[PDB]
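K.L.:
Enclosed is the structure file data.txt (compact mmCIF, C-alpha atoms and all ligand atoms).
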# COMPACT_ATOMS: atom_id res chain seq x y z
CA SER A 37 -19.67 -39.07 -42.91
CA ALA A 38 -20.54 -35.42 -43.31
CA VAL A 39 -23.26 -36.32 -40.80
CA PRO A 40 -22.93 -37.46 -37.17
CA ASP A 41 -24.59 -40.65 -35.94
CA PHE A 42 -27.63 -39.99 -33.69
CA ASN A 43 -27.34 -42.41 -30.75
CA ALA A 44 -30.90 -43.55 -30.08
CA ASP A 45 -29.91 -45.32 -26.81
CA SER A 46 -28.64 -41.99 -25.63
CA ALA A 47 -31.75 -40.14 -26.71
CA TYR A 48 -33.88 -42.74 -24.92
CA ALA A 49 -31.89 -42.23 -21.73
CA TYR A 50 -32.42 -38.44 -22.00
CA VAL A 51 -36.16 -39.10 -22.16
CA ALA A 52 -35.91 -41.39 -19.15
CA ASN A 53 -33.89 -38.78 -17.24
CA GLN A 54 -36.63 -36.18 -17.71
CA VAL A 55 -39.38 -38.56 -16.66
CA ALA A 56 -37.38 -39.62 -13.57
CA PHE A 57 -37.88 -36.17 -12.04
CA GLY A 58 -41.62 -36.64 -11.92
CA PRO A 59 -44.08 -34.66 -14.09
CA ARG A 60 -42.52 -31.35 -15.16
CA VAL A 61 -45.53 -29.25 -14.16
CA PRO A 62 -44.76 -25.54 -13.93
CA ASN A 63 -44.35 -24.38 -10.30
CA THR A 64 -43.35 -27.84 -9.02
CA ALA A 65 -40.06 -29.07 -7.66
CA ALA A 66 -39.78 -31.59 -10.54
CA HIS A 67 -40.04 -28.75 -13.06
CA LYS A 68 -37.37 -26.70 -11.40
CA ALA A 69 -35.02 -29.69 -11.04
CA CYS A 70 -35.52 -30.85 -14.62
CA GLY A 71 -35.03 -27.39 -16.04
CA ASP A 72 -31.76 -27.09 -14.19
CA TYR A 73 -30.70 -30.46 -15.62
CA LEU A 74 -31.62 -29.48 -19.18
CA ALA A 75 -29.73 -26.20 -18.92
CA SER A 76 -26.61 -27.94 -17.61
CA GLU A 77 -26.74 -30.57 -20.28
CA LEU A 78 -26.79 -27.89 -23.08
CA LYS A 79 -23.94 -26.07 -21.41
CA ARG A 80 -21.83 -29.23 -21.27
CA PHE A 81 -22.24 -29.61 -25.04
CA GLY A 82 -20.74 -26.13 -25.48
CA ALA A 83 -23.92 -24.16 -26.13
CA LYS A 84 -24.32 -20.58 -25.05
CA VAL A 85 -27.31 -21.02 -22.72
CA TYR A 86 -30.03 -18.49 -22.02
CA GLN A 87 -32.67 -19.17 -19.40
CA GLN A 88 -35.65 -16.97 -20.09
CA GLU A 89 -37.77 -16.75 -16.97
CA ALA A 90 -41.22 -15.17 -17.08
CA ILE A 91 -44.46 -15.33 -15.12
CA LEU A 92 -47.10 -16.56 -17.55
CA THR A 93 -50.84 -16.78 -16.92
CA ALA A 94 -52.73 -20.02 -17.43
CA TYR A 95 -56.35 -20.28 -18.55
CA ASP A 96 -57.53 -20.53 -14.89
CA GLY A 97 -55.48 -17.51 -13.75
CA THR A 98 -52.61 -19.58 -12.25
CA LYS A 99 -49.35 -17.67 -12.45
CA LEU A 100 -46.76 -20.04 -13.93
CA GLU A 101 -43.07 -19.65 -13.11
CA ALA A 102 -42.03 -20.45 -16.69
CA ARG A 103 -38.54 -20.97 -18.04
CA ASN A 104 -37.69 -21.26 -21.73
CA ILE A 105 -34.23 -22.79 -22.19
CA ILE A 106 -32.16 -21.76 -25.18
CA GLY A 107 -28.84 -23.28 -26.27
CA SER A 108 -27.07 -21.54 -29.10
CA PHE A 109 -24.18 -23.03 -31.06
CA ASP A 110 -21.90 -20.85 -33.31
CA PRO A 111 -23.76 -17.91 -31.78
CA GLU A 112 -22.36 -15.18 -34.02
CA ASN A 113 -23.35 -16.88 -37.31
CA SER A 114 -26.12 -14.86 -39.00
CA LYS A 115 -27.30 -18.03 -40.77
CA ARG A 116 -29.21 -20.13 -38.26
CA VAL A 117 -31.62 -22.99 -37.86
CA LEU A 118 -34.06 -23.22 -34.94
CA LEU A 119 -34.78 -26.67 -33.44
CA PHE A 120 -37.39 -26.75 -30.69
CA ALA A 121 -39.63 -28.81 -28.43
CA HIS A 122 -41.74 -28.27 -25.32
CA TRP A 123 -40.39 -29.56 -22.00
CA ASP A 124 -43.30 -29.16 -19.58
CA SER A 125 -45.71 -31.92 -18.67
CA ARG A 126 -49.47 -31.45 -18.64
CA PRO A 127 -50.99 -31.19 -15.13
CA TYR A 128 -54.05 -33.13 -16.25
CA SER A 129 -54.86 -36.46 -17.90
CA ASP A 130 -58.05 -35.08 -19.38
CA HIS A 131 -58.46 -37.72 -22.05
CA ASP A 132 -57.95 -40.61 -19.61
CA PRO A 133 -60.79 -43.16 -19.67
CA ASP A 134 -60.89 -43.04 -15.84
CA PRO A 135 -62.48 -39.76 -14.60
CA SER A 136 -60.55 -40.14 -11.34
CA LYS A 137 -57.36 -39.57 -13.38
CA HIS A 138 -58.50 -36.46 -15.24
CA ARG A 139 -56.94 -34.10 -12.72
CA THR A 140 -53.65 -36.02 -12.32
CA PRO A 141 -50.41 -34.90 -14.02
CA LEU A 142 -49.01 -37.20 -16.64
CA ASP A 143 -45.40 -38.31 -17.08
CA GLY A 144 -45.29 -36.73 -20.50
CA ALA A 145 -42.71 -39.20 -21.76
CA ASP A 146 -43.79 -38.82 -25.40
CA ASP A 147 -45.59 -35.45 -25.03
CA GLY A 148 -42.58 -33.44 -23.89
CA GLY A 149 -39.88 -35.95 -23.12
CA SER A 150 -39.37 -37.33 -26.62
CA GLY A 151 -38.73 -34.07 -28.46
CA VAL A 152 -36.43 -32.76 -25.77
CA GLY A 153 -34.50 -36.06 -25.57
CA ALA A 154 -34.06 -36.18 -29.34
CA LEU A 155 -32.88 -32.57 -29.31
CA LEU A 156 -30.46 -33.24 -26.47
CA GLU A 157 -28.85 -36.01 -28.48
CA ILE A 158 -28.78 -33.78 -31.59
CA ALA A 159 -27.19 -31.04 -29.51
CA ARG A 160 -24.64 -33.50 -28.13
CA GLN A 161 -23.59 -34.29 -31.69
CA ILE A 162 -23.49 -30.62 -32.69
CA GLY A 163 -21.22 -29.87 -29.76
CA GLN A 164 -18.75 -32.50 -31.03
CA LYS A 165 -18.89 -31.54 -34.75
CA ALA A 166 -20.00 -28.09 -35.95
CA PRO A 167 -22.48 -28.24 -38.84
CA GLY A 168 -21.37 -24.96 -40.39
CA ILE A 169 -24.53 -23.02 -39.65
CA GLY A 170 -25.70 -21.66 -36.36
CA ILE A 171 -28.12 -23.85 -34.41
CA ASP A 172 -30.43 -22.73 -31.63
CA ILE A 173 -31.98 -25.47 -29.50
CA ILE A 174 -35.03 -24.19 -27.62
CA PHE A 175 -36.98 -25.99 -24.95
CA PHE A 176 -40.24 -24.05 -24.60
CA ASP A 177 -42.18 -24.11 -21.36
CA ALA A 178 -45.83 -24.08 -20.50
CA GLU A 179 -47.01 -25.55 -23.79
CA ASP A 180 -49.37 -28.13 -22.35
CA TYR A 181 -51.31 -26.19 -19.65
CA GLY A 182 -54.25 -25.29 -21.92
CA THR A 183 -57.92 -25.55 -21.03
CA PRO A 184 -58.81 -29.15 -20.13
CA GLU A 185 -61.78 -31.11 -21.39
CA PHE A 186 -63.60 -30.78 -18.06
CA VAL A 187 -63.55 -26.96 -18.10
CA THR A 188 -66.38 -25.33 -20.05
CA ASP A 189 -65.11 -21.74 -20.14
CA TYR A 190 -63.11 -20.73 -23.20
CA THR A 191 -59.71 -19.01 -23.22
CA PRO A 192 -58.04 -18.09 -26.53
CA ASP A 193 -54.39 -19.01 -27.03
CA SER A 194 -54.17 -21.04 -23.83
CA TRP A 195 -51.58 -23.46 -25.24
CA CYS A 196 -47.92 -22.79 -26.09
CA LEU A 197 -47.58 -20.03 -23.53
CA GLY A 198 -43.77 -20.10 -23.37
CA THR A 199 -43.46 -19.86 -27.13
CA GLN A 200 -45.92 -16.98 -27.20
CA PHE A 201 -43.78 -15.10 -24.68
CA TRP A 202 -40.50 -15.82 -26.49
CA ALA A 203 -41.83 -14.95 -29.93
CA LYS A 204 -42.73 -11.48 -28.67
CA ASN A 205 -39.62 -11.21 -26.42
CA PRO A 206 -36.86 -13.20 -28.08
CA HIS A 207 -33.65 -14.03 -26.28
CA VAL A 208 -31.67 -11.86 -28.68
CA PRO A 209 -33.18 -8.79 -30.37
CA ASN A 210 -35.03 -9.43 -33.63
CA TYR A 211 -34.06 -13.09 -33.53
CA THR A 212 -34.41 -14.85 -36.86
CA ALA A 213 -33.48 -18.16 -38.44
CA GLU A 214 -33.74 -19.59 -41.94
CA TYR A 215 -36.29 -22.17 -40.77
CA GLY A 216 -37.47 -23.99 -37.69
CA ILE A 217 -38.16 -27.65 -36.89
CA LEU A 218 -40.38 -28.59 -33.93
CA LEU A 219 -40.25 -32.13 -32.57
CA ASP A 220 -43.34 -33.16 -30.60
CA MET A 221 -44.28 -36.77 -29.77
CA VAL A 222 -41.42 -38.27 -31.72
CA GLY A 223 -40.81 -41.28 -29.49
CA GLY A 224 -43.79 -43.59 -29.77
CA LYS A 225 -43.43 -47.09 -31.15
CA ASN A 226 -44.56 -47.07 -34.83
CA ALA A 227 -45.20 -43.30 -34.83
CA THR A 228 -46.39 -41.81 -38.13
CA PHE A 229 -45.28 -38.31 -39.05
CA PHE A 230 -47.54 -36.81 -41.72
CA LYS A 231 -46.98 -33.51 -43.51
CA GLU A 232 -48.82 -31.19 -41.12
CA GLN A 233 -51.03 -28.48 -42.62
CA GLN A 234 -49.67 -25.37 -40.91
CA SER A 235 -46.14 -26.60 -41.69
CA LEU A 236 -47.01 -27.04 -45.35
CA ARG A 237 -48.76 -23.70 -45.62
CA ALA A 238 -45.86 -21.78 -44.05
CA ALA A 239 -42.89 -23.94 -44.97
CA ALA A 240 -43.63 -26.53 -47.66
CA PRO A 241 -40.03 -26.50 -48.95
CA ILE A 242 -38.85 -27.36 -45.44
CA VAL A 243 -41.39 -30.16 -45.17
CA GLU A 244 -40.28 -31.49 -48.53
CA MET A 245 -36.59 -31.31 -47.65
CA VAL A 246 -37.11 -33.17 -44.38
CA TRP A 247 -39.45 -35.82 -45.76
CA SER A 248 -37.15 -36.43 -48.75
CA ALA A 249 -34.11 -36.79 -46.48
CA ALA A 250 -36.03 -39.27 -44.35
CA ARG A 251 -36.90 -41.27 -47.48
CA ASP A 252 -33.26 -41.19 -48.66
CA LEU A 253 -32.20 -42.59 -45.27
CA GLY A 254 -34.78 -45.36 -45.23
CA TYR A 255 -37.20 -43.81 -42.68
CA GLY A 256 -40.24 -43.55 -44.92
CA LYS A 257 -42.25 -45.85 -42.66
CA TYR A 258 -42.09 -43.02 -40.13
CA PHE A 259 -42.12 -39.97 -42.41
CA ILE A 260 -45.31 -40.71 -44.34
CA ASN A 261 -45.43 -39.06 -47.76
CA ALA A 262 -48.91 -37.71 -47.28
CA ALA A 263 -50.73 -34.66 -45.95
CA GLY A 264 -51.88 -34.79 -42.38
CA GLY A 265 -54.16 -32.64 -40.32
CA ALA A 266 -53.77 -29.13 -38.95
CA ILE A 267 -52.26 -29.31 -35.44
CA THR A 268 -52.08 -26.48 -32.88
CA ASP A 269 -48.51 -26.47 -31.63
CA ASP A 270 -45.58 -24.26 -30.80
CA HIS A 271 -44.53 -23.82 -34.43
CA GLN A 272 -47.62 -21.73 -35.23
CA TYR A 273 -46.49 -19.10 -32.74
CA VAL A 274 -42.93 -19.09 -34.06
CA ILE A 275 -44.40 -18.52 -37.56
CA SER A 276 -46.76 -15.76 -36.47
CA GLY A 277 -44.51 -14.02 -33.93
CA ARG A 278 -41.00 -14.31 -35.51
CA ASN A 279 -41.90 -14.96 -39.14
CA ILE A 280 -39.63 -18.04 -39.19
CA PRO A 281 -41.00 -20.71 -41.57
CA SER A 282 -41.36 -23.73 -39.26
CA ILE A 283 -42.56 -27.29 -39.39
CA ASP A 284 -43.85 -29.83 -36.87
CA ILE A 285 -42.65 -33.43 -36.80
CA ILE A 286 -45.37 -35.09 -34.72
CA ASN A 287 -47.07 -38.45 -34.46
CA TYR A 288 -50.48 -38.07 -36.11
CA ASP A 289 -53.15 -40.72 -36.62
CA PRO A 290 -55.70 -39.75 -39.40
CA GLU A 291 -58.24 -42.21 -38.05
CA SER A 292 -57.80 -41.56 -34.14
CA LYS A 293 -60.64 -39.64 -32.48
CA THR A 294 -58.17 -36.92 -31.36
CA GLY A 295 -55.64 -37.26 -34.24
CA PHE A 296 -53.01 -38.25 -31.67
CA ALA A 297 -51.60 -41.42 -30.20
CA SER A 298 -54.01 -43.47 -28.12
CA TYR A 299 -52.25 -42.48 -24.90
CA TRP A 300 -52.20 -38.73 -25.57
CA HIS A 301 -53.29 -36.75 -22.50
CA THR A 302 -53.78 -39.94 -20.50
CA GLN A 303 -51.86 -41.60 -17.69
CA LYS A 304 -50.39 -43.97 -20.26
CA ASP A 305 -48.11 -41.28 -21.72
CA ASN A 306 -45.26 -42.96 -19.92
CA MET A 307 -41.96 -44.67 -20.73
CA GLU A 308 -43.56 -47.86 -22.02
CA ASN A 309 -44.37 -46.35 -25.42
CA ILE A 310 -40.94 -44.86 -26.05
CA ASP A 311 -39.04 -46.58 -28.83
CA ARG A 312 -35.42 -46.24 -29.91
CA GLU A 313 -36.23 -46.94 -33.56
CA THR A 314 -38.70 -44.03 -33.68
CA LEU A 315 -36.26 -41.68 -31.96
CA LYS A 316 -33.54 -42.75 -34.41
CA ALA A 317 -35.71 -42.02 -37.44
CA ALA A 318 -36.61 -38.54 -36.21
CA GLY A 319 -33.20 -37.62 -34.94
CA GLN A 320 -31.08 -38.93 -37.76
CA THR A 321 -33.32 -37.20 -40.30
CA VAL A 322 -32.88 -33.89 -38.52
CA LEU A 323 -29.08 -34.32 -38.43
CA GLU A 324 -29.04 -35.12 -42.15
CA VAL A 325 -30.97 -31.97 -42.91
CA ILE A 326 -29.02 -29.52 -40.77
CA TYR A 327 -25.60 -30.89 -41.74
CA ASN A 328 -26.23 -31.95 -45.27
CA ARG A 329 -29.29 -30.47 -47.05
ZN ZN B 401 -49.92 -32.45 -24.67
Once more with this new file: its structure as structure tokens, please.

P.N.:
Amino acid sequence: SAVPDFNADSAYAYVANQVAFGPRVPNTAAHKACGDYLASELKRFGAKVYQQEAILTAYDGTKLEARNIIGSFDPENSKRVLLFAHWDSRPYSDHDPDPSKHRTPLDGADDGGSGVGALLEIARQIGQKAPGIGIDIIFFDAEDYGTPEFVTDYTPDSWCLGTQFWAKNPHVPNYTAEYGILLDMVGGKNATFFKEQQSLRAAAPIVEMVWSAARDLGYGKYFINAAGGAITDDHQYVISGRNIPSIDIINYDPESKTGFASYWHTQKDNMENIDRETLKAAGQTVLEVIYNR
């Protein structure tokens, strides 16, 4: 139609390809190899790719060799939409039931892999058929290296470090877009995306447009027509730092102890939860919106 077909098999394979490297922990070989892969994949689609490298400081003082990866399509268009996700994997499994796993990196299949894999498939479609507005795909680094449950000292703003850096130092001067859409944990079987509070406060028309498109397409069992909780995530820093109204599409459970999927920040954030039908619902909705709303 006006709108390309999101190939969920393809998105799933992009998730699997990330996970295959090993956990994408900043400073590791797996992180460097996966980042190189992500950059090359955006370039093959025809994006103008920027690799923003910066040394960021984690809550414990670790210097992180961070790399935000930006792919820009129709780069001279002043009218743009930002689509983003984090690509790092957490170095801890600090919600794992087994204390011997708390200090072990997780695969981050849903928490990292899913949003990036959905965006890779979206970007693949954009490369084949221009939507008529500029699109920037951003994979933000060092999102999930915040203070773990077993550390008692507090550090403000310890999450979303790559986004914090970019928002202050964008890849092009005074970068702006009409709106932003973050995908985070968009791969889990039977995921439920509620209207997140920061998204509504900053960008209710964007929320409404996306949730209505999802309903039009038949994905209302995923895009729940209800208010969710407030979630700390990369979009808050895009809102505060670049003044781009942005939303978060994220699996939320209003009755979970953490608000997240059962496997969040555990060793079970692995490929077994990833589901083509969930990826399809998220990805096709985003295509509908950027091409056709
Ligand atoms: Zn996480």

K.L.:
Work out how far apart atom CA of residue A:85 and atom CA of residue A:270 are and give it in Å to one decimal.

P.N.:
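Calculated distance between atom CA of residue A:85 and atom CA of residue A:270 is 20.2 Å.
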
K.L.:
Between A:255, A:73, A:120, A:202, single out the one closest to residue A:158, counting all atoms listed in the file.

P.N.:
A:120

K.L.:
As a list in words, please: every protein or nucleic acid residue near ligand ZN 401 (chain B) (cut-off 8 Å, counting all atoms listed in the file).

P.N.:
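Residues lying within 8 Å of ligand ZN 401 (chain B): residues 125, 126, 144, 147, 148, 179, 180, 300 and 301 of chain A.
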
K.L.:
For atom CA of residue A:171 and atom CA of residue A:225, determine how far apart the two atoms are, in Å to one decimal place.

P.N.:
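Computed distance, atom CA of residue A:171 to atom CA of residue A:225, equals 28.0 Å.
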
K.L.:
Could you work out how far atom CA of residue A:299 lies from atom CA of residue A:96, giving the answer in Å with one decimal?

P.N.:
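Computing the Euclidean distance for atom CA of residue A:96 and atom CA of residue A:299 yields 24.7 Å.
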
K.L.:
Extract, using all atoms listed in the file, all DNA, RNA and protein residues at most 12 Å from residue A:42, discarding same-chain residues fewer than 2 positions from it, and format them as a ChimeraX atom specification.

P.N.:
/A:39-40,44-48,153-162,164,312-324

K.L.:
Hey, can you spit out that residue selection with C-alpha atoms as a compact mmCIF listing (two decimals), keeping the file's coordinate frame?

P.N.:
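This is the output file result-v1.txt:
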# COMPACT_ATOMS: atom_id res chain seq x y z
CA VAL A 39 -23.26 -36.32 -40.80
CA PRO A 40 -22.93 -37.46 -37.17
CA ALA A 44 -30.90 -43.55 -30.08
CA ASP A 45 -29.91 -45.32 -26.81
CA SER A 46 -28.64 -41.99 -25.63
CA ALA A 47 -31.75 -40.14 -26.71
CA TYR A 48 -33.88 -42.74 -24.92
CA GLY A 153 -34.50 -36.06 -25.57
CA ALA A 154 -34.06 -36.18 -29.34
CA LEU A 155 -32.88 -32.57 -29.31
CA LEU A 156 -30.46 -33.24 -26.47
CA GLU A 157 -28.85 -36.01 -28.48
CA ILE A 158 -28.78 -33.78 -31.59
CA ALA A 159 -27.19 -31.04 -29.51
CA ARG A 160 -24.64 -33.50 -28.13
CA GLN A 161 -23.59 -34.29 -31.69
CA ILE A 162 -23.49 -30.62 -32.69
CA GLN A 164 -18.75 -32.50 -31.03
CA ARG A 312 -35.42 -46.24 -29.91
CA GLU A 313 -36.23 -46.94 -33.56
CA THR A 314 -38.70 -44.03 -33.68
CA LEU A 315 -36.26 -41.68 -31.96
CA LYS A 316 -33.54 -42.75 -34.41
CA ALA A 317 -35.71 -42.02 -37.44
CA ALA A 318 -36.61 -38.54 -36.21
CA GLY A 319 -33.20 -37.62 -34.94
CA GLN A 320 -31.08 -38.93 -37.76
CA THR A 321 -33.32 -37.20 -40.30
CA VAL A 322 -32.88 -33.89 -38.52
CA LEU A 323 -29.08 -34.32 -38.43
CA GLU A 324 -29.04 -35.12 -42.15

K.L.:
Find the residue from A:76, A:88, A:212, A:129 that sits nearest to residue A:302; use only C-alpha atoms when measuring.

P.N.:
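Smallest separation from residue A:302 among the options: A:129.
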
K.L.:
Which residues come within 12 Å of residue A:128, counting only C-alpha atoms, excluding same-chain residues fewer than 3 positions away, as a ChimeraX atom specification?

P.N.:
/A:59-61,124-125,131-132,135-144,180-187,300-303,305

K.L.:
Can you write just those residues out, C-alpha atoms, as a compact mmCIF listing (two decimals), in the coordinates of the input?

P.N.:
# COMPACT_ATOMS: atom_id res chain seq x y z
CA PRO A 59 -44.08 -34.66 -14.09
CA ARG A 60 -42.52 -31.35 -15.16
CA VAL A 61 -45.53 -29.25 -14.16
CA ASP A 124 -43.30 -29.16 -19.58
CA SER A 125 -45.71 -31.92 -18.67
CA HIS A 131 -58.46 -37.72 -22.05
CA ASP A 132 -57.95 -40.61 -19.61
CA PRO A 135 -62.48 -39.76 -14.60
CA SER A 136 -60.55 -40.14 -11.34
CA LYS A 137 -57.36 -39.57 -13.38
CA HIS A 138 -58.50 -36.46 -15.24
CA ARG A 139 -56.94 -34.10 -12.72
CA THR A 140 -53.65 -36.02 -12.32
CA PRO A 141 -50.41 -34.90 -14.02
CA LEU A 142 -49.01 -37.20 -16.64
CA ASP A 143 -45.40 -38.31 -17.08
CA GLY A 144 -45.29 -36.73 -20.50
CA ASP A 180 -49.37 -28.13 -22.35
CA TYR A 181 -51.31 -26.19 -19.65
CA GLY A 182 -54.25 -25.29 -21.92
CA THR A 183 -57.92 -25.55 -21.03
CA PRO A 184 -58.81 -29.15 -20.13
CA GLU A 185 -61.78 -31.11 -21.39
CA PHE A 186 -63.60 -30.78 -18.06
CA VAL A 187 -63.55 -26.96 -18.10
CA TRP A 300 -52.20 -38.73 -25.57
CA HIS A 301 -53.29 -36.75 -22.50
CA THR A 302 -53.78 -39.94 -20.50
CA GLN A 303 -51.86 -41.60 -17.69
CA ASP A 305 -48.11 -41.28 -21.72

K.L.:
Take the point (-34.1, -10.9, -26.0) as written in the file and pick out every residue within 12 Å of it, counting all atoms listed in the file; give the list as a VMD selection string.

P.N.:
chain A and resid 86 to 89 104 106 201 to 212

K.L.:
Can you pull out the residues contacting residue A:168? Cut-off 10 Å, using all atoms listed in the file, and skip same-chain residues under 5 positions away; I want them as an MDAnalysis selection string.

P.N.:
chainID A and resid 109:110 113 115:116 162 326:328

K.L.:
For residue A:262, which of A:278, A:231, A:68, A:122 is the closest residue, counting only C-alpha atoms?

P.N.:
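Counting only C-alpha atoms, the residue closest to residue A:262 is A:231.
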
K.L.:
So that I can see what lies close to residue A:176, please list as JSON, numbers by chain the residues with an atom at most 7 Å from it, counting all atoms listed in the file and leaving out residues fewer than 5 positions away in the same chain.

P.N.:
{"A": [104, 105, 121, 122, 123, 198, 199]}

K.L.:
Which residue is closest to residue A:37? Choose from A:257, A:165, A:79, A:293 and count all atoms listed in the file.

P.N.:
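Checking each candidate against residue A:37, we get A:165 as the closest.
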
K.L.:
Taking only C-alpha atoms into account, which of A:249, A:238, A:218, A:94 comes nearest residue A:269?

P.N.:
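Of all the options, A:218 lies closest to residue A:269.
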
K.L.:
With distances taken over only C-alpha atoms, which of A:260, A:283, A:222, A:118 is nearest to residue A:236?

P.N.:
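Among the listed residues, the smallest separation from residue A:236 belongs to A:283.
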
K.L.:
Set up a box along x, y and z of the file covering all listed atoms of stretch 277-293 of chain A, add 4 Å on every one of the six sides, and write the centre and edge lengths in Å to one decimal, as lines of an AutoDock Vina configuration file.

P.N.:
center_x = -50.1
center_y = -28.1
center_z = -37.0
size_x = 29.0
size_y = 36.2
size_z = 17.1

K.L.:
Would you be able to write out as a PyMOL selection string which residues have an atom within 6 Å of (-24.6, -25.8, -27.2) in the file's coordinates, counting all atoms listed in the file?

P.N.:
chain A and resi 78-79+81-84+107-109+163

K.L.:
I'd like the contact shell of residue A:228 - 8 Å cut-off, only C-alpha atoms, skipping same-chain residues fewer than 6 positions apart - returned as number ranges by chain.

P.N.:
A: 257-260, 286-289
